[PDB]
$ cat structure.cif   # mmCIF, C-alpha atoms
data_query
#
loop_
_atom_site.group_PDB
_atom_site.id
_atom_site.type_symbol
_atom_site.label_atom_id
_atom_site.label_comp_id
_atom_site.auth_asym_id
_atom_site.auth_seq_id
_atom_site.Cartn_x
_atom_site.Cartn_y
_atom_site.Cartn_z
ATOM 1 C CA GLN A 495 22.807 -11.826 -131.592
ATOM 2 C CA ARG A 496 23.954 -14.649 -133.869
ATOM 3 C CA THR A 497 27.683 -15.185 -133.315
ATOM 4 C CA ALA A 498 29.580 -17.777 -135.348
ATOM 5 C CA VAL A 499 31.996 -19.129 -132.733
ATOM 6 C CA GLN A 500 35.152 -20.833 -134.026
ATOM 7 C CA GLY A 501 37.729 -23.000 -132.320
ATOM 8 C CA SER A 502 38.588 -26.555 -131.461
ATOM 9 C CA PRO A 503 35.629 -28.874 -130.743
ATOM 10 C CA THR A 504 36.860 -29.366 -127.167
ATOM 11 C CA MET A 505 36.574 -25.588 -126.747
ATOM 12 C CA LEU A 506 33.218 -25.301 -128.530
ATOM 13 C CA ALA A 507 31.865 -27.995 -126.219
ATOM 14 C CA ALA A 508 32.674 -25.947 -123.126
ATOM 15 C CA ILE A 509 31.365 -22.782 -124.789
ATOM 16 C CA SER A 510 28.088 -24.394 -125.865
ATOM 17 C CA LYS A 511 27.829 -26.596 -122.709
ATOM 18 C CA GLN A 512 27.123 -29.463 -125.129
ATOM 19 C CA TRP A 513 29.481 -32.182 -126.372
ATOM 20 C CA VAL A 514 29.640 -31.689 -130.103
ATOM 21 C CA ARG A 515 31.657 -34.089 -132.272
ATOM 22 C CA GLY A 516 35.330 -34.224 -131.348
ATOM 23 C CA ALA A 517 35.650 -32.849 -127.847
ATOM 24 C CA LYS A 518 37.408 -34.261 -124.815
ATOM 25 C CA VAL A 519 35.699 -37.155 -123.064
ATOM 26 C CA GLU A 520 35.230 -37.993 -119.388
ATOM 27 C CA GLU A 521 35.174 -41.743 -118.749
ATOM 28 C CA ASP A 522 34.832 -42.373 -115.012
ATOM 29 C CA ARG A 523 34.714 -46.174 -114.644
ATOM 30 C CA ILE A 524 30.920 -46.450 -114.186
ATOM 31 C CA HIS A 525 28.176 -46.627 -116.769
ATOM 32 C CA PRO A 526 26.577 -43.330 -117.911
ATOM 33 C CA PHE A 527 23.026 -44.736 -117.736
ATOM 34 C CA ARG A 528 23.616 -45.369 -114.019
ATOM 35 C CA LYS A 529 24.081 -41.637 -113.407
ATOM 36 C CA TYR A 530 21.193 -39.416 -112.388
ATOM 37 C CA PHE A 531 20.480 -36.161 -114.204
ATOM 38 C CA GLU A 532 22.381 -33.806 -111.886
ATOM 39 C CA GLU A 533 25.559 -35.923 -112.032
ATOM 40 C CA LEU A 534 25.618 -36.165 -115.831
ATOM 41 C CA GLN A 535 27.829 -33.766 -117.762
ATOM 42 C CA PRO A 536 27.976 -33.135 -121.527
ATOM 43 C CA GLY A 537 31.017 -35.184 -122.472
ATOM 44 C CA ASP A 538 30.462 -38.168 -120.150
ATOM 45 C CA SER A 539 31.499 -40.896 -122.559
ATOM 46 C CA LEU A 540 31.448 -44.680 -122.714
ATOM 47 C CA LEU A 541 33.600 -46.980 -124.831
ATOM 48 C CA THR A 542 31.497 -50.128 -125.223
ATOM 49 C CA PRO A 543 32.873 -53.619 -125.919
ATOM 50 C CA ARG A 544 33.050 -54.939 -129.449
ATOM 51 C CA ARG A 545 30.828 -57.225 -131.503
ATOM 52 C CA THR A 546 31.977 -59.041 -134.628
ATOM 53 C CA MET A 547 29.418 -58.833 -137.415
ATOM 54 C CA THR A 548 29.015 -62.085 -139.311
ATOM 55 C CA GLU A 549 26.850 -63.705 -141.956
ATOM 56 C CA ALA A 550 24.709 -65.313 -139.238
ATOM 57 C CA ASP A 551 23.942 -61.859 -137.806
ATOM 58 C CA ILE A 552 22.675 -60.745 -141.228
ATOM 59 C CA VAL A 553 20.636 -63.946 -141.578
ATOM 60 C CA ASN A 554 19.042 -63.730 -138.123
ATOM 61 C CA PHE A 555 18.189 -60.044 -138.481
ATOM 62 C CA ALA A 556 16.791 -60.440 -142.008
ATOM 63 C CA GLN B 495 -10.997 -91.467 -176.411
ATOM 64 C CA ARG B 496 -7.409 -91.510 -175.150
ATOM 65 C CA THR B 497 -5.272 -89.335 -177.430
ATOM 66 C CA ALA B 498 -1.529 -88.839 -176.954
ATOM 67 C CA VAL B 499 -1.103 -85.209 -178.003
ATOM 68 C CA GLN B 500 2.433 -84.312 -179.098
ATOM 69 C CA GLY B 501 4.039 -80.938 -179.611
ATOM 70 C CA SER B 502 5.885 -78.136 -177.914
ATOM 71 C CA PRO B 503 5.125 -77.641 -174.197
ATOM 72 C CA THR B 504 3.776 -74.138 -174.882
ATOM 73 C CA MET B 505 1.287 -75.744 -177.285
ATOM 74 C CA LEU B 506 0.289 -78.474 -174.829
ATOM 75 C CA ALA B 507 -0.322 -75.708 -172.282
ATOM 76 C CA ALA B 508 -3.015 -74.184 -174.498
ATOM 77 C CA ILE B 509 -4.444 -77.514 -175.660
ATOM 78 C CA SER B 510 -4.755 -78.917 -172.138
ATOM 79 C CA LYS B 511 -5.567 -75.464 -170.613
ATOM 80 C CA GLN B 512 -3.058 -76.369 -167.876
ATOM 81 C CA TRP B 513 0.531 -75.228 -167.429
ATOM 82 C CA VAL B 514 3.301 -77.501 -168.722
ATOM 83 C CA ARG B 515 6.892 -77.655 -167.395
ATOM 84 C CA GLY B 516 8.509 -76.111 -170.474
ATOM 85 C CA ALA B 517 5.683 -73.814 -171.534
ATOM 86 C CA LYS B 518 5.656 -70.054 -171.960
ATOM 87 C CA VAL B 519 4.615 -67.729 -169.153
ATOM 88 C CA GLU B 520 2.738 -64.459 -168.742
ATOM 89 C CA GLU B 521 4.653 -62.309 -166.278
ATOM 90 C CA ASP B 522 2.142 -59.721 -165.216
ATOM 91 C CA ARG B 523 3.825 -57.087 -162.952
ATOM 92 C CA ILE B 524 1.596 -57.881 -159.935
ATOM 93 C CA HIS B 525 1.549 -60.872 -157.632
ATOM 94 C CA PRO B 526 -0.623 -63.821 -158.787
ATOM 95 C CA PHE B 527 -1.718 -64.418 -155.185
ATOM 96 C CA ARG B 528 -3.380 -60.985 -155.335
ATOM 97 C CA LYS B 529 -5.575 -62.121 -158.235
ATOM 98 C CA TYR B 530 -9.030 -63.592 -157.792
ATOM 99 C CA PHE B 531 -10.063 -66.857 -159.425
ATOM 100 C CA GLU B 532 -11.649 -65.441 -162.587
ATOM 101 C CA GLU B 533 -8.624 -63.270 -163.441
ATOM 102 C CA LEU B 534 -6.061 -66.049 -162.998
ATOM 103 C CA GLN B 535 -4.905 -67.886 -166.104
ATOM 104 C CA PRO B 536 -2.805 -71.063 -166.368
ATOM 105 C CA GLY B 537 0.575 -69.583 -167.208
ATOM 106 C CA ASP B 538 0.502 -66.609 -164.839
ATOM 107 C CA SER B 539 4.026 -66.813 -163.460
ATOM 108 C CA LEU B 540 6.053 -65.118 -160.747
ATOM 109 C CA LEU B 541 9.819 -64.643 -160.660
ATOM 110 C CA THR B 542 10.639 -64.277 -156.967
ATOM 111 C CA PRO B 543 13.698 -62.502 -155.547
ATOM 112 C CA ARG B 544 16.697 -64.599 -154.629
ATOM 113 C CA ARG B 545 17.891 -65.882 -151.266
ATOM 114 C CA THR B 546 21.433 -67.010 -150.506
ATOM 115 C CA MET B 547 21.555 -70.254 -148.552
ATOM 116 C CA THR B 548 24.254 -70.297 -145.898
ATOM 117 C CA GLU B 549 25.533 -72.411 -143.031
ATOM 118 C CA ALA B 550 23.511 -70.290 -140.589
ATOM 119 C CA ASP B 551 20.350 -71.200 -142.524
ATOM 120 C CA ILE B 552 21.141 -74.905 -142.078
ATOM 121 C CA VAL B 553 21.898 -74.376 -138.383
ATOM 122 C CA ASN B 554 18.725 -72.388 -137.678
ATOM 123 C CA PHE B 555 16.505 -74.843 -139.544
ATOM 124 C CA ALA B 556 18.101 -77.925 -137.960
ATOM 125 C CA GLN C 495 44.554 -80.076 -86.182
ATOM 126 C CA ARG C 496 40.972 -80.267 -87.417
ATOM 127 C CA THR C 497 38.603 -77.855 -85.670
ATOM 128 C CA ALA C 498 34.855 -77.602 -86.283
ATOM 129 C CA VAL C 499 34.487 -73.821 -86.098
ATOM 130 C CA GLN C 500 30.927 -72.694 -85.331
ATOM 131 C CA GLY C 501 29.295 -69.304 -85.684
ATOM 132 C CA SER C 502 27.483 -67.059 -88.115
ATOM 133 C CA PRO C 503 28.317 -67.239 -91.847
ATOM 134 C CA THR C 504 29.504 -63.613 -91.782
ATOM 135 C CA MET C 505 31.971 -64.712 -89.084
ATOM 136 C CA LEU C 506 32.969 -68.032 -90.678
ATOM 137 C CA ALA C 507 33.691 -66.176 -93.917
ATOM 138 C CA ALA C 508 36.232 -63.905 -92.236
ATOM 139 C CA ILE C 509 37.683 -66.866 -90.329
ATOM 140 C CA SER C 510 38.084 -68.968 -93.474
ATOM 141 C CA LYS C 511 38.981 -65.940 -95.700
ATOM 142 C CA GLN C 512 36.351 -67.349 -98.090
ATOM 143 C CA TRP C 513 32.767 -66.163 -98.585
ATOM 144 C CA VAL C 514 30.794 -69.216 -97.668
ATOM 145 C CA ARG C 515 26.973 -69.218 -97.859
ATOM 146 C CA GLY C 516 25.202 -66.346 -96.130
ATOM 147 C CA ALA C 517 27.856 -63.825 -95.184
ATOM 148 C CA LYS C 518 27.858 -60.068 -95.588
ATOM 149 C CA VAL C 519 28.638 -58.720 -99.048
ATOM 150 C CA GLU C 520 30.703 -55.839 -100.429
ATOM 151 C CA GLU C 521 28.822 -54.240 -103.323
ATOM 152 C CA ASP C 522 30.931 -51.315 -104.535
ATOM 153 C CA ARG C 523 29.234 -49.963 -107.678
ATOM 154 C CA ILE C 524 31.625 -51.587 -110.201
ATOM 155 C CA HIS C 525 31.699 -55.066 -111.681
ATOM 156 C CA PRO C 526 33.798 -57.762 -109.933
ATOM 157 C CA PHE C 527 34.772 -59.036 -113.394
ATOM 158 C CA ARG C 528 36.457 -55.650 -113.906
ATOM 159 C CA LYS C 529 38.558 -56.006 -110.747
ATOM 160 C CA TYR C 530 42.068 -57.418 -110.922
ATOM 161 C CA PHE C 531 43.198 -60.219 -108.623
ATOM 162 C CA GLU C 532 44.774 -57.952 -105.997
ATOM 163 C CA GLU C 533 41.536 -55.961 -105.602
ATOM 164 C CA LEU C 534 39.119 -58.897 -105.520
ATOM 165 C CA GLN C 535 38.024 -59.752 -102.000
ATOM 166 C CA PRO C 536 36.039 -62.834 -100.926
ATOM 167 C CA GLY C 537 32.618 -61.279 -100.559
ATOM 168 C CA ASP C 538 32.718 -58.887 -103.517
ATOM 169 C CA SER C 539 29.160 -59.364 -104.736
ATOM 170 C CA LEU C 540 27.184 -58.421 -107.837
ATOM 171 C CA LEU C 541 23.387 -58.229 -107.903
ATOM 172 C CA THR C 542 22.507 -58.691 -111.575
ATOM 173 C CA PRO C 543 19.352 -57.359 -113.252
ATOM 174 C CA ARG C 544 16.438 -59.680 -113.853
ATOM 175 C CA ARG C 545 15.417 -61.755 -116.859
ATOM 176 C CA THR C 546 11.838 -62.997 -117.140
ATOM 177 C CA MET C 547 11.704 -66.593 -118.314
ATOM 178 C CA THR C 548 9.008 -67.365 -120.849
ATOM 179 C CA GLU C 549 7.740 -70.077 -123.166
ATOM 180 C CA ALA C 550 9.739 -68.565 -126.043
ATOM 181 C CA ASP C 551 12.901 -68.968 -123.949
ATOM 182 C CA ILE C 552 12.149 -72.683 -123.492
ATOM 183 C CA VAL C 553 11.389 -73.054 -127.206
ATOM 184 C CA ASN C 554 14.510 -71.250 -128.450
ATOM 185 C CA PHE C 555 16.789 -73.107 -126.034
ATOM 186 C CA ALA C 556 15.274 -76.518 -126.815
#

$ encode --input "structure.cif" --output "structure tokens"
Amino acid sequence: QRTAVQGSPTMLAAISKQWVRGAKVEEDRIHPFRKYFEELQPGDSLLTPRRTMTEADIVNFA
Amino acid sequence: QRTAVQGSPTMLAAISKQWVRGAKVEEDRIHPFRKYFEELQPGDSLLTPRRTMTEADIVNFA
Amino acid sequence: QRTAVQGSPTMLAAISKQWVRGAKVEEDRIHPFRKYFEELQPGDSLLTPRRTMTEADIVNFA
């Protein structure tokens, strides 16, 4: 049965068991690529550091 | 016999059968390095795309 | 009073309150550059991943 399920994205993520676009995150102080499969959860997020794009970046990549 | 031939550069290009600095060109829609010897002509030009020189270019080449 | 204290480096480190050369380490799954001052301990160690040196490394650095 095809059911169109509505709600907030943080509710649709727990319904679908998949983080979707705008759900709640779970940042737990260690890197997500260090976790094994059984200790990953859909929603385990990571806020990376920044990188300033410059003209030299464009030159070196081109 | 040494003859000083005067005229327009596009005329000297056809008299001398060699390209002259101010002569006319034949832009030809394909790359002149793709042509063999017999299908090249003196005057077969190429207008390359541009490249913006920057400070990163000077740094990487130095 | 100067005293030449002898013993193992894992003992001299706890005597001096300074990790010295070959003492025991405290690797605790998170980066010591993420720890504040009050939670750094002398002996908090990080074992970094590897980087294979190559001829291109020598060329790009020179």

$ interface_residues --input "structure.cif" --of "chain C" --to "chain B" --cutoff "12 Å" --atoms "all atoms listed in the file" --output "list in words"
residues 554, 555 and 556 of chain C

$ write_last_selection --input "structure.cif" --atoms "C-alpha atoms" --output "CSV table (one decimal), in the coordinates of the input"
chain,number,residue,atom,x,y,z
C,554,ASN,CA,14.5,-71.2,-128.4
C,555,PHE,CA,16.8,-73.1,-126.0
C,556,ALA,CA,15.3,-76.5,-126.8

$ axis_aligned_box --input "structure.cif" --around "segment 528-545 of chain C" --padding-each-side "5 Å" --output "AutoDock Vina command-line options"
--center_x 30.1 --center_y -59.2 --center_z -108.7 --size_x 39.4 --size_y 17.2 --size_z 26.3

$ resolve_selection --input "structure.cif" --expression "the PyMOL selection byres ((chain B and resi 524) around 12)" --output "PDB file with C-alpha atoms, in the coordinates of the input"
ATOM      1  CA  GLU B 520       2.738 -64.459-168.742  1.00  0.00           C
ATOM      2  CA  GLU B 521       4.653 -62.309-166.278  1.00  0.00           C
ATOM      3  CA  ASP B 522       2.142 -59.721-165.216  1.00  0.00           C
ATOM      4  CA  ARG B 523       3.825 -57.087-162.952  1.00  0.00           C
ATOM      5  CA  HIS B 525       1.549 -60.872-157.632  1.00  0.00           C
ATOM      6  CA  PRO B 526      -0.623 -63.821-158.787  1.00  0.00           C
ATOM      7  CA  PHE B 527      -1.718 -64.418-155.185  1.00  0.00           C
ATOM      8  CA  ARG B 528      -3.380 -60.985-155.335  1.00  0.00           C
ATOM      9  CA  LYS B 529      -5.575 -62.121-158.235  1.00  0.00           C
ATOM     10  CA  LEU B 534      -6.061 -66.049-162.998  1.00  0.00           C
ATOM     11  CA  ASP B 538       0.502 -66.609-164.839  1.00  0.00           C
ATOM     12  CA  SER B 539       4.026 -66.813-163.460  1.00  0.00           C
ATOM     13  CA  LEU B 540       6.053 -65.118-160.747  1.00  0.00           C
ATOM     14  CA  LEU B 541       9.819 -64.643-160.660  1.00  0.00           C
ATOM     15  CA  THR B 542      10.639 -64.277-156.967  1.00  0.00           C
TER      16      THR B 542
END

$ resolve_selection --input "structure.cif" --expression "the PyMOL selection byres ((chain A and resi 518) around 9)" --output "ChimeraX atom specification"
/A:503-505,507,513,516-517,519-520,537

$ atom_distance --input "structure.cif" --atom1 "atom CA of residue 545 of chain A" --atom2 "atom CA of residue 549 of chain B"
19.8 Å

$ atom_distance --input "structure.cif" --atom1 "atom CA of residue 502 of chain C" --atom2 "atom CA of residue 535 of chain C"
18.9 Å

$ atom_distance --input "structure.cif" --atom1 "atom CA of residue 497 of chain C" --atom2 "atom CA of residue 511 of chain C"
15.6 Å

$ decode --input "structure.cif" --residues "chain C" --atoms "C-alpha atoms" --output "PDB file, in the first residue's frame"
ATOM      1  CA  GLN C 495      67.778  20.610  46.630  1.00  0.00           C
ATOM      2  CA  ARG C 496      68.750  18.966  43.353  1.00  0.00           C
ATOM      3  CA  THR C 497      67.968  15.244  43.198  1.00  0.00           C
ATOM      4  CA  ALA C 498      68.803  12.928  40.296  1.00  0.00           C
ATOM      5  CA  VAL C 499      65.637  10.820  40.304  1.00  0.00           C
ATOM      6  CA  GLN C 500      66.077   7.441  38.593  1.00  0.00           C
ATOM      7  CA  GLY C 501      63.508   4.961  37.358  1.00  0.00           C
ATOM      8  CA  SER C 502      61.344   4.070  34.398  1.00  0.00           C
ATOM      9  CA  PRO C 503      60.023   6.843  32.111  1.00  0.00           C
ATOM     10  CA  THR C 504      56.435   5.931  33.039  1.00  0.00           C
ATOM     11  CA  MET C 505      57.451   6.585  36.660  1.00  0.00           C
ATOM     12  CA  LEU C 506      59.544   9.707  36.010  1.00  0.00           C
ATOM     13  CA  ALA C 507      56.616  11.178  34.081  1.00  0.00           C
ATOM     14  CA  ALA C 508      54.295  10.898  37.076  1.00  0.00           C
ATOM     15  CA  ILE C 509      57.046  12.173  39.384  1.00  0.00           C
ATOM     16  CA  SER C 510      57.760  15.208  37.204  1.00  0.00           C
ATOM     17  CA  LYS C 511      54.062  15.679  36.190  1.00  0.00           C
ATOM     18  CA  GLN C 512      55.421  15.902  32.624  1.00  0.00           C
ATOM     19  CA  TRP C 513      55.411  13.198  29.944  1.00  0.00           C
ATOM     20  CA  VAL C 514      59.070  12.750  29.264  1.00  0.00           C
ATOM     21  CA  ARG C 515      60.290  10.264  26.626  1.00  0.00           C
ATOM     22  CA  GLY C 516      58.896   6.746  26.860  1.00  0.00           C
ATOM     23  CA  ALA C 517      56.080   6.843  29.381  1.00  0.00           C
ATOM     24  CA  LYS C 518      52.621   5.332  29.183  1.00  0.00           C
ATOM     25  CA  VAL C 519      50.053   7.204  27.111  1.00  0.00           C
ATOM     26  CA  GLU C 520      46.365   8.057  27.495  1.00  0.00           C
ATOM     27  CA  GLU C 521      44.647   7.683  24.122  1.00  0.00           C
ATOM     28  CA  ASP C 522      40.961   8.449  24.664  1.00  0.00           C
ATOM     29  CA  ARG C 523      39.320   8.455  21.215  1.00  0.00           C
ATOM     30  CA  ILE C 524      39.146  12.267  20.819  1.00  0.00           C
ATOM     31  CA  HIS C 525      41.725  14.771  19.647  1.00  0.00           C
ATOM     32  CA  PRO C 526      43.973  16.455  22.264  1.00  0.00           C
ATOM     33  CA  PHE C 527      43.661  19.674  20.243  1.00  0.00           C
ATOM     34  CA  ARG C 528      39.933  19.541  21.051  1.00  0.00           C
ATOM     35  CA  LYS C 529      40.562  19.339  24.804  1.00  0.00           C
ATOM     36  CA  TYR C 530      40.581  22.478  26.921  1.00  0.00           C
ATOM     37  CA  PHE C 531      43.424  23.238  29.320  1.00  0.00           C
ATOM     38  CA  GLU C 532      41.734  21.766  32.401  1.00  0.00           C
ATOM     39  CA  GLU C 533      41.182  18.417  30.644  1.00  0.00           C
ATOM     40  CA  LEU C 534      44.617  18.090  29.045  1.00  0.00           C
ATOM     41  CA  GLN C 535      46.874  15.740  30.972  1.00  0.00           C
ATOM     42  CA  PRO C 536      50.613  15.209  30.402  1.00  0.00           C
ATOM     43  CA  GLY C 537      50.500  11.955  28.491  1.00  0.00           C
ATOM     44  CA  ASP C 538      47.396  12.595  26.385  1.00  0.00           C
ATOM     45  CA  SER C 539      48.617  11.090  23.126  1.00  0.00           C
ATOM     46  CA  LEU C 540      47.446  11.073  19.515  1.00  0.00           C
ATOM     47  CA  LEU C 541      48.525   8.441  16.994  1.00  0.00           C
ATOM     48  CA  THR C 542      48.048  10.144  13.626  1.00  0.00           C
ATOM     49  CA  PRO C 543      47.385   8.334  10.335  1.00  0.00           C
ATOM     50  CA  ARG C 544      50.222   7.772   7.912  1.00  0.00           C
ATOM     51  CA  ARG C 545      51.434   9.748   4.911  1.00  0.00           C
ATOM     52  CA  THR C 546      53.642   8.051   2.327  1.00  0.00           C
ATOM     53  CA  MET C 547      56.494  10.294   1.248  1.00  0.00           C
ATOM     54  CA  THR C 548      57.263  10.260  -2.453  1.00  0.00           C
ATOM     55  CA  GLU C 549      59.344  11.972  -5.112  1.00  0.00           C
ATOM     56  CA  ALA C 550      56.410  14.266  -5.942  1.00  0.00           C
ATOM     57  CA  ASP C 551      56.382  15.412  -2.305  1.00  0.00           C
ATOM     58  CA  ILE C 552      60.070  16.363  -2.556  1.00  0.00           C
ATOM     59  CA  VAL C 553      59.458  18.129  -5.875  1.00  0.00           C
ATOM     60  CA  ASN C 554      56.416  20.122  -4.729  1.00  0.00           C
ATOM     61  CA  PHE C 555      58.075  21.158  -1.465  1.00  0.00           C
ATOM     62  CA  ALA C 556      61.352  22.154  -3.142  1.00  0.00           C
TER      63      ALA C 556
END
